[PDB]
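Chemist: Dumping the structure here so I can ask a few things about it.
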Amino acid sequence: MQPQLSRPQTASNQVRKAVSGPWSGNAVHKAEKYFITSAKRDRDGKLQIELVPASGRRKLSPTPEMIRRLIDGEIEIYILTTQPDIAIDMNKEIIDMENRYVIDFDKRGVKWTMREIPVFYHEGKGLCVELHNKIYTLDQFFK
Amino acid sequence: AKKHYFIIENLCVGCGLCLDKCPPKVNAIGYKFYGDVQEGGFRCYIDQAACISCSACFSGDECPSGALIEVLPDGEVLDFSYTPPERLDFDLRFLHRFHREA
Amino acid sequence: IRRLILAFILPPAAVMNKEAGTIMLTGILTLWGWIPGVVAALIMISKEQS
Amino acid sequence: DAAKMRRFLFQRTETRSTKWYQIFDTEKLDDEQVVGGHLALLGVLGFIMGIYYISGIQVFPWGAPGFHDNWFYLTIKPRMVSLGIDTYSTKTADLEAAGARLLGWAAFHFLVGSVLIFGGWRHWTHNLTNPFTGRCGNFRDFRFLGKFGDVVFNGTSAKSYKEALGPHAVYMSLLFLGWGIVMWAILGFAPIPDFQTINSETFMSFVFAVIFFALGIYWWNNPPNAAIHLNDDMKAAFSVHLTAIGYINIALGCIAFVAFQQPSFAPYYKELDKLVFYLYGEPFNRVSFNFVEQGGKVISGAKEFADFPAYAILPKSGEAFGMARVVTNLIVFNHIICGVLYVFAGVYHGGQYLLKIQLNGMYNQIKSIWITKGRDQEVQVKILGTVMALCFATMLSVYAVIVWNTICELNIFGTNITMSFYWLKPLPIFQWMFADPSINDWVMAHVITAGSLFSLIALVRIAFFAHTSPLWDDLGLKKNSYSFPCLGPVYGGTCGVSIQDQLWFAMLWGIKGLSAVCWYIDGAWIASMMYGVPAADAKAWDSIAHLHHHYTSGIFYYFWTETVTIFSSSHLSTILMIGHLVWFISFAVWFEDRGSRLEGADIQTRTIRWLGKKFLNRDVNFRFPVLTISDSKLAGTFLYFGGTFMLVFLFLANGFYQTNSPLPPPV
Amino acid sequence: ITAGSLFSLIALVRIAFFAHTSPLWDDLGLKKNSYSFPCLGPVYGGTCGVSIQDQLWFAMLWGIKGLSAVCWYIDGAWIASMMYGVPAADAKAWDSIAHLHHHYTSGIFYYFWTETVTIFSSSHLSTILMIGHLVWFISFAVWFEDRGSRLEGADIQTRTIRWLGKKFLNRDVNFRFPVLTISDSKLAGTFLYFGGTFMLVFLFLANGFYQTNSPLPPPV
Amino acid sequence: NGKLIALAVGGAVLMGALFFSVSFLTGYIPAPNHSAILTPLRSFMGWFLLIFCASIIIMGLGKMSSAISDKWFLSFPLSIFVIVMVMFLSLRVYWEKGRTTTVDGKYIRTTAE
Amino acid sequence: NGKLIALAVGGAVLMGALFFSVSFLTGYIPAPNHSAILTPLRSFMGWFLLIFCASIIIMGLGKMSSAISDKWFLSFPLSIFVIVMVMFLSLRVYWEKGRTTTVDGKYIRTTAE
Ligand code: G2O
Ligand code: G2O
Ligand SMILES: CCCCCCCCCCCC(=O)OC[C@H]1O[C@H](OC(C)(C)CCC/C(C)=C/C=C/C(C)=C/C=C/C(C)=C/C=C/C=C(C)/C=C\C=C(C)\C=C\c2c(C)ccc(C)c2C)[C@H](O)[C@@H](O)[C@@H]1O
Ligand SMILES: CCCCCCCCCCCCCCCC(=O)OC[C@H](COP(=O)(O)OC[C@@H](O)CO)OC(=O)CCCCCCCCCCCCCCC
Ligand code: SF4
Ligand code: SF4
Ligand code: SF4
Ligand SMILES: [Ca+2]
Ligand SMILES: [Ca+2]
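Chains as they are written, first to last, in the entry's author numbering: chain D, 1 to 143; chain B, 129 to 230; chain F, 3 to 52; chain A, 42 to 708; chain a, 489 to 708; chain c, 6 to 118; chain C, 6 to 118.
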């Protein structure tokens, strides 16, 4: 959308191209939203990252082409911390982080809190996620 | 059952339309506040221990922010029951009738 | 010429180049009296040339 | 058990619901069901037209006192005098004939409406079997009538709506020709092209019959393409035709307003000022507290007048009570408000269909211009922004002019009426469309423009932001219910973003620009808020601006003047009370209070359950339901709009009181 | 007076008891923790106006009626019926049948016609009348469930003002139009409503008594 | 149950008797030719009929939505029309029986007054 | 910047040259003793003053809501008080300069009229 027709402090991350974008796909996502759905270890130590779109029709992999489409501001990748292929103890990490600012009137809101964490690509390290002031990588590390 | 549904407490605006469709006999969906509700401090959650995989919250097609996902039994994460086909778009203006381009 | 005559007679008719929303502006200006639409048509027909 | 309650307030929730006021929603209706419903409703319309004709009887030719006057029949009496079915006759002899004619036409309408209702019922049940022959007709492929159904429309009944336009136009040509021959045979009125008599109506009925027949032939052999209305004609074509009928109805109101004041319409409307009208509920002949019947002559408690025995309805002249323009204004404002409402409803139902096609991706799959335009997300923003800017400019200018006029009237800040906008008249090239052109007419034009643009803002928000808006595109949100009232206090609040709530806001905004018509057609000097008031200079308008008429009173003083007659009558007084009652109750559902109502209703339920045990016995399981904000907004829009336009009617139906004597300056 | 006092006392008691939780919100998984929050969204069919601030607004709007009753009683405006002294059927026959020693100004609805002939006859009272009506109806723009509509429209205003100032004027138009949040909207609306009505209840009070002691013999 | 009507009717009659009792406690002069017993009874009839009509309108029109459906294509609009016709005929055979004529019987239907 | 104040004035002077220009086309008869040059200008000045006063009130009451703080303990009530004082004194020095007397100068204060 044109800069002069948008809310003043809008970055290119939130400025959408394809001027009629909202009706081409889901209107919630300015850019196509992909989810890390599985990260398994088979044969060698390398893990197979599975990028299933929010539409849920395909089962893709990071790949140089989608990496380029990421670093060109066209797609976004999230992990859904409830992912069962996690390495860090997200259930304890989410709970003890909500205990700083959440009062359990329901006594179970913190327990069942799940959120998405975005994934970015530098280059030297692959698809890496920055979580809790530390930069984890999907390759090893974060899984 | 399978195909658990979940709520992302990162897109959810707490509207509770998902809670309206959850069966009262299973309080799967709830509220957490952590602050004032004028700033989105009323997110919703899905109690996976109480959720019985109704599809009611997701198949109702009312989540405005795409927080309901319905992870598929194998690994697939949906976001909305059907998604438009991601079309290439352009403006069609004719040459010297109807429009004149320029 | 033909386009100036069109703008004087039906200001939207001469101005079909500009936009999908600008044509409504010219048409509704034509609806208000007849001079606002003609003025808009001449202004945006002399803008791509001058 | 705290869950048995929960599937009780999980019953009005604004998820996708039955919504009893959507039983006849076009989604569950097919083409033939629409035909049948329209036929049955036209039969009921004929029934109520017959009822109105009956209400028009004044002598009952078999011999009895007739019906008192009522607006239902007074709004059509000029037409029946035009057709020769009723008379402005002073004598019973010529009025017995009018009563007989109205009775016969009412019986004819009853019979035709019964036939039409039966046919619509059979279309509704998909039962096009002829009981006399035993066969069954095919809705998809039918011969229209017979040989006429073969020479034109050579078999091959229309399969699509764009293919049905043409046969419809031929049907309307048949309607025009039938009305022309009805004139010529039954109602006299041979077709003469003299455009000053009702004969011109027959002549133009034949002309329009020919025009519609030729146009129907052309569109039968060359159907046009709006393309997209063919598929979901239940909501797309229906809404487009609804807004088209709304504009046509506003146009018809304007035609009525112009025509009914012309000399050619004098024996039908202007001559209503030579009559005396006995309206139901108007001031009746009052009697003292000790009336003891015994008619022929009152003994104890003499009534107001020795005539009009007992409780008779007192006469009122058609000259002091301007029944001519009262009926004219009633008809014109009825058609104008109906046109505005139909335009709003067409935009709303089109937004409903358009959100439905945005949700399934059909929005990007539209080829017709009418959507490929607005599928831009920037031309949407540019169009809405320029409409808002034009509305701001027009409304600010006209409102500041009105406020300055009122200030100069009241001489606030030591101003003077000569400092007002008395000089701001329409241009002489625009003075032809007004009688006595002044600042009032300029203000009327600019207020109409401002109110139309103000409602156009919400109409454009319905048309464009049915599913998503640039705000909600920037946020991670999308609209997917057309009736959801909110997403919550997030982002400070998300109230009333759906196209249903945008429809409600369009209605509320058009209330001002539509009641401005009621002020105008009654001559109520909208150019200022305090006109005719004896405060400082408000009575100097007639001299400072050299007015020829003398309008009732300003915008605010309009509720003082001409309310002298609303109060003077019992029926208009009770209508005033009922309208105000209905109107302010809309606050109980528009104010952001639905959850307070739910909490209080839970408290009342627990009270009634407890009050049913401490004093009464047995279970009191009944619980109080609260209208949800979707239902609350629907009911509130109805209550508000009806409450204001049950009293705009009172302004219209209480008299004209717009004398043609400009009072002199206060000096 | 009893009805209005109890009717506003309903909201006062809800403030005094349901400040944090209520039996309805106990049975739901909900709690109140802001005293100024407007709602919890369209959940459960709606949770509008449940805070103590909103109940205070409701108490004010509810006591508006029971206090206008005081205004009209101390003006002798016959709140016993909605018409009085109006020549329709019998509103002028009260003083005879009821055996009154006073001629009250008018009824409830007729109170706006009589005792307004003097409001109109003076410029200052008419200006106060117009300003009070304006301020009062402006409160609908914020009490109605319309905050999100105003926010969407205000973003449209921002994009328009910055579009009209970028390629027709120059430089950035960083200013964006603010919209009162639902809490701010309800606060401003309650003040607008209350002021709009009681800037004209003043006109009732400060325009004359007109409650003469001459009980209007019946019209017979 | 029949206990609720036995209390709604019972409550109505109890409060009517209460009105009849309080009418005798307030010293008032009735209308010229009226009975002090009936004139508060008519007032209570009007008051109770008003509240009862409000209840049945709330009780009835609210229950109408719970039964209105597609099967009401017929006899729903015909009910509204027959309501129109009974009302229009009642404004002739109950309210304002005849047409306003003087004691002599002359129709002043034009500006002849 | 400065182009806005060259357009807020520029827009206003456009209205001044537009209201004044249309007064000579919308043929009107002015006040008995008045000139057609200044009688539309006075109305335009009142109209522009209305809009400008509304805009400056909005801007001022929005600015002294972001700038208002606990440091406005004084001079918030003192500014209100001095505004009250200047209004009350303008009620005597500018508006209604004297308490009403007759043309001869006599005071009537009781119901002697
Ligand atoms: C006509 C005016 C009104 C009432 C009459 C009324 C009645 C009412 N209202 Mg209300 N209300 C507004 C107008 C009216 N609200 C406005 C304009 C606003 C916006 C500011 C508003 C707002 C809230 C909020 C926020 C809440 C409520 C409630 C609440 C309930 C309290 C229950 C009680 O104690 O009984 C009190 C109930 C009565 C005394 C009703 C008795 C009938 C009598 C003879 C009046 C007749 C009714 C009507 C005039 C006739 C129509 C009948 C028909 C047949 C033609 C109770 C039903 C609350 C609840 O629902 O629960 C507590 C709640 O939370 N409101
Ligand atoms: C006097 C009364 C009103 C306006 C003046 C007005 C103006 C306005 N309204 Mg409103 N409104 C209601 C009354 C008024 N709504 C009511 C009673 C309701 C409840 C039903 C209501 C509801 C909504 C919803 C739901 C939405 C809006 C909007 C929207 C904006 C549209 C943009 C536009 O057309 O600009 C046109 C704006 C103008 C021409 C403003 C100029 C005027 C004057 C010369 C100025 C005087 C202002 C004031 C009277 C005096 C202050 C001076 C000071 C010294 C004391 C636009 C600013 C919408 C937006 O926010 O943006 C789209 C929106 O969504 N409303
Ligand atoms: C007045 C209502 C309130 C408006 C203000 C919006 C603000 C709301 C936002 C709330 C927040 C707030 O405000 O507080 C917070 C902040 O507030 C201020 O920040 C800003 C808001 C940026 C300044 C205000 C902008 C401007 C200076 C104000 C003044 C701008 C004014 C209103 C200029 C607009 C004039 C209008 C648009 C007239 C334009 C009309 C154009 C003409 C008439 C076209 C028609 C004539 C032509 C067609 C020919 C006519 C013709 C002829 C001759 C013959 C025949 C025929 C047939 C025809 C038609 C402080 O600076 C900060 O400190 C403070 O934090
Ligand atoms: C012991 C404790 C107390 C127990 C008893 C207390 C509850 C008794 C209340 C009974 C009466 C309620 C008071 C009124 C209640 C009141 O005033 O609030 C309005 C009310 C909404 O109330 P809620 O549902 O929020 O809560 C009321 C609760 O008491 C129970 O619902 O209903 C409406 O919206 C009316 C519209 C119905 C739909 C009609 C739409 C318009 C139709 C056409 C009419 C207009 C024609 C068009 C003209 C424009
Ligand atoms: S529907 Fe979606 S946005 Fe709304 S509360 Fe549920 S998860 Fe959150
Ligand atoms: S699947 Fe069923 S139980 Fe689970 S959250 Fe959705 S509605 Fe509730
Ligand atoms: S105030 Fe009511 S309508 Fe508005 S966001 Fe809150 S719950 Fe929704
Ligand atoms: Ca009138
Ligand atoms: Ca008083």
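All residues carry an ideal CB built from backbone N, CA and C; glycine is no exception.
Apply the 10 Å Cβ neighbour rule to a:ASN695 and answer buried if 16 or more other Cβ atoms are within range, or exposed otherwise.
Modeler: buried
Chemist: Below 7 Å between beta carbons is the criterion; list the residues of the segment 46-64 of chain A that meet it against any residue of chain a, in chain order.
Modeler: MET46, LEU50, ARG53, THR54, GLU55
Chemist: From A:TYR383, A:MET429, A:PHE301, A:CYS295, pick the residue whose C-alpha is nearest to that of A:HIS282; which is it?
Modeler: A:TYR383
Chemist: Rounded to whole angstroms, how far is the Cβ of A:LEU82 from the Cβ of c:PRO82, which I believe are closer than 8 Å?
Modeler: 7 Å
Chemist: Measure the CB-CB distance between A:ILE480 and A:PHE495 and report whether it falls below 9 Å.
Modeler: no
Chemist: Show which residues of chain C have a CB atom less than 7 Å away from the CB atom of a:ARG659.
Modeler: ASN6
Chemist: Can you list the alpha helix (DSSP H) stretches of 4 or more residues lying completely in the segment 552-593 of chain a, in chain order?
Modeler: 582-585
Chemist: Between the Cα of A:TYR598 and the Cα atoms of A:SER610, A:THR606, A:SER614, A:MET571, which residue gives the shortest distance?
Modeler: A:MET571
Chemist: Touch check for the segment 551-562 of chain A and the segment 640-655 of chain a: three-plus C-beta pairs under 8 Å?
Modeler: Contact between the segment 551-562 of chain A and the segment 640-655 of chain a is absent: fewer than three C-beta pairs spanning the two stretches fall below 8 Å.
Chemist: Given that B:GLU204 touches chain D, what residues does it touch there, using C-beta distances under 8 Å?
Modeler: Near B:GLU204 (Cβ distances below 8 Å), the residues of chain D are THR37, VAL52, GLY56, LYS59.
Chemist: Between the segment 666-681 of chain a and the segment 691-707 of chain a, do at least 3 Cβ pairs fall closer than 8 Å?
Modeler: With a cut-off of 8 Å, the segment 691-707 of chain a and the segment 666-681 of chain a do not count as touching, because too few Cβ pairs lie within range.
Chemist: Could you give the distance in angstroms between the alpha-carbon of c:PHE86 and the alpha-carbon of A:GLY87?
Modeler: 11 Å
Chemist: So with CB distances below 9 Å, who are the chain a contacts of D:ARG69?
Modeler: Going along chain a, no residue has its Cβ under 9 Å from D:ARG69, so there is no contact; the nearest lies around 28 Å.
Chemist: Kindly indicate the opening and closing residues of the alpha helix (DSSP H) around D:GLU93.
Modeler: In this chain, the alpha helix (DSSP H) harbouring D:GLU93 covers 90-98.
Chemist: Rounded to whole angstroms, what's the CA-CA distance from D:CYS128 to D:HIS122? Just pull it up for me.
Modeler: 7 Å
Chemist: Between C:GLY21 and ligand 3, is the CB less than 8 Å from at least one heavy atom?
Modeler: no
Chemist: Hey, could you find the ends of the beta strand (DSSP E) A:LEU500 is sitting in?
Modeler: Not the beta strand (DSSP E): A:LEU500 falls in the alpha helix (DSSP H), residues 480-505.
Chemist: Of all the CB atoms in chain B, is at least one closer than 9 Å to the CB of a:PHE525?
Modeler: yes
Chemist: Count the other CB atoms, across all protein chains shown, that sit within 10 Å of the CB of c:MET69; report buried if there are 16 or more and exposed otherwise.
Modeler: exposed
Chemist: Indicate whether at least one CB of chain A lies closer than 9 Å to the CB of c:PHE57.
Modeler: no
Chemist: Give a yes or no on whether the C-beta atoms belonging to C:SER48 and A:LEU465 are separated by under 9 Å.
Modeler: yes
Chemist: Run the proximity test for A:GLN541: is its beta-carbon closer than 8 Å to any non-hydrogen atom belonging to ligand 2?
Modeler: no
Chemist: I want to verify the contact list: residues of chain D whose CB lies under 9 Å from the CB of B:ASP207, in sequence order.
Modeler: Within 9 Å of the CB of B:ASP207, the CB atoms of chain D belong to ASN26, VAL28, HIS29, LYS33, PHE35, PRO53, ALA54, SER55, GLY56, in sequence order along the chain.
Chemist: What residues match up with residue 151 of chain D in a beta bridge as DSSP calls it?
Modeler: Residue 151 of chain D is absent from the model: chain D starts at 1 and stops at 143.
Chemist: Given the structure, does A:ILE98 come close to ligand 3, in the sense that its CB is under 8 Å from one of the ligand's heavy atoms?
Modeler: no
Chemist: Could you give the first and the last residue of the continuous alpha helix (DSSP H) run that contains c:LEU46?
Modeler: 43-70
Chemist: Note down, in chain order, all residues in the segment 656-687 of chain a with a beta-carbon under 8 Å from any beta-carbon belonging to chain B.
Modeler: Those residues of the segment 656-687 of chain a that come within reach of chain B (Cβ to Cβ, closer than 8 Å) are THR669, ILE670, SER671.
Chemist: What's the gap between the Cα of A:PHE628 and the Cα of A:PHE374?
Modeler: 26 Å
Chemist: Checking 9 Å against the spacing of the C-beta atoms, do B:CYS143 and B:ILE157 come in under that value?
Modeler: no
Chemist: Cα-Cα, which of a:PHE506, a:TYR532, a:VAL667, a:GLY533 is closest to a:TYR523?
Modeler: a:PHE506
Chemist: Residue range of the alpha helix (DSSP H) that A:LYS674 falls in?
Modeler: Start and end: 670-686.
Chemist: Examine the Cβ distances between the segment 497-516 of chain A and the segment 391-410 of chain A and report whether three or more of them are shorter than 8 Å.
Modeler: yes
Chemist: Using 9 Å as the threshold, is the C-beta distance between a:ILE644 and A:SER510 below it?
Modeler: yes
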